[PDB]
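# Results of the structural survey
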Amino acid sequence: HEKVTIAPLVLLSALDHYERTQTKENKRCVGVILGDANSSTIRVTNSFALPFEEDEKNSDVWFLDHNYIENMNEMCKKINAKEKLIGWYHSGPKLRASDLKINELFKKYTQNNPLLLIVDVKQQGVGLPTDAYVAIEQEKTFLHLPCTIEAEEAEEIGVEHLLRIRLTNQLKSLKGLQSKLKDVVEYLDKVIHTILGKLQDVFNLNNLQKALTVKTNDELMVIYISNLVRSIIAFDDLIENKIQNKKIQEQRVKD
Amino acid sequence: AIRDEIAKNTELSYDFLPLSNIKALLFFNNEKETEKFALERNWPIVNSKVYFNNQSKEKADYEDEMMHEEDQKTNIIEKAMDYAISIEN
Amino acid sequence: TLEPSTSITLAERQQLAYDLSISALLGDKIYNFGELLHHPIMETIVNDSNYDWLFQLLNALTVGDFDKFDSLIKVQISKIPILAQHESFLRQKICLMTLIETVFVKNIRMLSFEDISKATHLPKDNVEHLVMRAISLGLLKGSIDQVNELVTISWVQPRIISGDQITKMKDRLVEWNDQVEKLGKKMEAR
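Residues numbered from 1 in each chain as written, not as in the entry; some residues may be left out. Chains lettered and ligands numbered in written order. Part of a larger assembly, values for the part shown. Heavy atoms only, no water.

For this deposited structure, the header cites cryo-EM as the method used and 4.2 Å as the resolution.

In this section: the state of the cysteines. Residue and element names in this part refer to chain A. Applying the stated criterion across every chain, the model contains 0 disulfides over all chains. Free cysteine: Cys-76, not disulfide-bonded; nearest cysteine sulfur from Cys-29 at 15 Å. Unpaired in this structure, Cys-147 has its nearest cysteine sulfur neighbour in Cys-29, at a distance of 19 Å. (Disulfide = S-S within 2.5 Å.)

Below, the discussion takes up helix α6 (residues 194–204) of chain A. Restricting attention to buried positions, one finds in α6(A) the residues A:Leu196, A:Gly197, A:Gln200, A:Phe203 and A:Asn204. Buried residues along α6(A) cover an arc of 125° about the axis, so they all sit on one side. In this structure, α6(A) carries A:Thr194, A:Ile195, A:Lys198 and A:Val202 as exposed residues pointing more than 90 degrees from its buried face. Elements that come into contact with the buried residues of α6(A) comprise α5 (166–191) of chain A together with α9 (165–188) of chain C. (Buried < 20%, exposed > 50% of the residue type's maximum accessible area, 1.4 Å probe, protein only. Helix = DSSP H or I, 4+ residues; strand = E, 2+ residues; numbered from the N terminus. Arc of directions from axis to C-beta. Contact = heavy atoms within 4.5 Å.)

This next bit is on the nonpolar core. All names here are of chain C. Of all hydrophobic cores here, the largest spans 17 residues; its most connected members are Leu-96, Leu-111, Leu-140 and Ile-153. Every element with two or more residues in this core is listed here: α6 (81–96), α7 (113–120) and α8 (124–136). Counting residues per element, this core draws most heavily on α8, which supplies 4 residues. (Core = buried A, V, L, I, M, F, W, Y, C linked by side-chain atoms within 4.5 Å.)

Our next topic: the interface of chain A and chain C. The interface is formed by 19 residues belonging to chain A together with 28 residues belonging to chain C. Both sides together, the interface formed by chain A and chain C hides about 2700 Å², and carbon and sulfur atoms give 66% of it. Its largest share of buried area at the contact with chain C, chain A owes to A:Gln200, A:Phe203 and A:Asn204, together 26% of the area lost on that side. The tally of links from chain A across to chain C stands at 0 salt bridges. (Buried area = accessible area lost by both parts, 1.4 Å probe. Salt bridge = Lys/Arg side-chain N within 4 Å of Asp/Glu carboxyl O.)

See below:
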């Protein structure tokens, strides 16, 4: 399949247009990603906003200027020639009816399958403040591609200069069953099987490990054998340092 | 007290023993009285034989996270690994 | 899903349901006739004149009675013995999907020769051959143990049923939550 690679330059750029424009919950900042969608690895090296206006009274009313779309994409070619139109990004926590009608706009100048991106300034719950989706039809069918972040050498190192485990893993793992339980109950009363079929595939696949439980305990003992030997090595240094500490005390008594 | 001490040995040392031998080993004068002692000791009785299902032990006052626990077995194994980390820290 | 297109009257719906029904007689793949009931078909067609095969074969895969369906049909489809063979697969596949997690509580996968013989209404000799032919068609996987009387079948064919997995999914939620208060708070309060 394909994967979406979002550079930290793009994630931080979309967060800037939200605060500078004083965008409230009634508006969502829309922008255009730039990159190469030809290969299986989709990387976005550039992002910019657009004068978008949102209307909550009518989902079919949106203000977008196509002149600024083609001009800015042409003027930014002088920087890097690898930047083309692979899709667009927009703000807001949720996908409303106005987002479905604006999907067919950029598809005229886009060759391959466009890429959609949702930027969340609040980042409420779990991970992934920016979720990526693909727009394709047979009815609109959206698929969530794996979201990864990879930058250049100077870009990844520059983040560390500006900033100069097990418990968290168990908390998010427990919340996965709580969030899935609410999705099944709400969908049960919504119908009164296709959506629940995909969740049943993952949920079904000492229950099945009973055959490997005997062989698992034998491997855990071998792991402790290495840990027991390394523990003795650390214990020898404690006695060696205790004798070494006395040599310093013996010099303090004579001198 | 001697016969009660022998009864502790007859559980592990005898898997199956008939009724006539228990009377002779512990010096009993009655066969019906022999089965009466087996009821207080919780000894299963079948025809011409006496088994012991009590070899497995449990209870014994109160114990938690010690001496072959039940539901904490998975955690204590991981807890023992986390105790050595804090000693070094 | 087509709302706007494929204009059809009640005459062609019965002709369309004919090819949809017969496809599932010998079809051993993708659930069973109940999928045709999930779509607005049976409610739009007549309930008799050999259009009721969906209702008769629905419970025939549970109770396992072949005299109810064979008595109401003609000699056209009853001459081919293959039709009676495929009805034995879908009857057992309902119980074989219960081996890991659907209904059963302890969620332990084990099957003997005696328990499966009473559910499929077949002897111990015919049930061993029925499982081998089911895996050979690509519907199932796994192995078979005749020494200890154990049947291990890998989960392949999905199902559209639901509502029985909510309670058993809570078992993983409650049992793992106890370690958050005990083991989880032990490492945090270190």
